[PDB]
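To begin, one chain is listed below as structure tokens, in the form deposited in one PDB entry.
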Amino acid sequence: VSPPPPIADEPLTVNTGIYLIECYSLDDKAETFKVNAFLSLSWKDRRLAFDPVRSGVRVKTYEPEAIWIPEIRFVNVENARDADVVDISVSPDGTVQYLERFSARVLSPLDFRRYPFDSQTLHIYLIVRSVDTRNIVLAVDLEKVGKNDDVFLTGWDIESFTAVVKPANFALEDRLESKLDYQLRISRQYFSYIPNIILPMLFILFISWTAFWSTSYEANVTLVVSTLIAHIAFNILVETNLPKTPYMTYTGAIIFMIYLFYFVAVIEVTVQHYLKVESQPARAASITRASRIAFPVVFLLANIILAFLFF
């Protein structure tokens, strides 16, 4: 078949909607998420008009091969969607109602700056390319945009699923292209990061600071070096959950900063021992007593500064 012809010189308007049935597998490293959803399409084809009184039916059903259907695609998908047509309904004035159920793997960039206390705006870009015979333009039918109440994205809270109603119409390779932006707003469930990463990392750091109440060099070296190794393990664990970024993340900044605290603690432990061996313990004692206050204080202030810069 070929596209419906214009009454005059108007573009063909294709009304769209996406209804989310499942959202799963938000992969942070790949910056992808999987979706299973209804895609609804609506347009006018006057060649399909009929008389209700005469035909004795308010609606006709067609198979996809029998009529013209716009080639709708997703911009930001790995591979073309897996689609199954559910229904095609034609009303007497030639208004087509198309419904498919599809699944796809979507590429959408994530901003990790405030990880694990981050929020994201996932995008699903709908697109249509114009044909020689006619310009095709997309619109949003808001009554056919939504999500099922049970849609859960493990490790995330789903805030809203809306569409930017005005398309981005632009030229690509001498044809018009009409693009819509469907936006899925989500926020990370930071809860588990507290007992599993943040608090264990703070406990080992505070354990290293017990060295400031000890004159045993051998024990101090064991305290600071062992805890540092445990800190390295947490640093490695965290970076396996995340892609490499051309910026610092909030957690990355704290993790990095804690290395400086371990480094300065080793210097203090070394300086303390060196003075004692040199028969200057009163001086070592001044440095050690100051360290007992300076370490937790500088750690608290540095964290207030970091929280301020990031939030």
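Residues that one form lacks are left out of the comparison. The term rigid core refers to the maximal set of C-alpha atoms that superpose within 1.5 Å between the two forms. Numbering starts at 1 and runs along the sequence shown.
This next part talks about the form deposited in another entry, which is not shown.
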**Request:** Might you check 142, 131, 158, 85 and identify the only one whose CA position changes by 2 Å or more between the shown form and the other one on rigid-core superposition?
**Result:** 142
**Message:** Please check whether, in the other form, the CA atoms of residue 139 and residue 175 lie closer or farther apart than here, given a change of 3 Å or more.
**Reply:** farther
**Item:** Closer or farther in the other form, the Cα atoms of residue 174 and residue 139, when the shift from this form is 3 Å or more
**Value:** farther
**Asked** For residues shared by both forms, which stretches of 3 or more shift their Cα by 2 Å or more between the shown form and the other one, once the core is superposed?
**Response** 4 to 9, 132 to 145
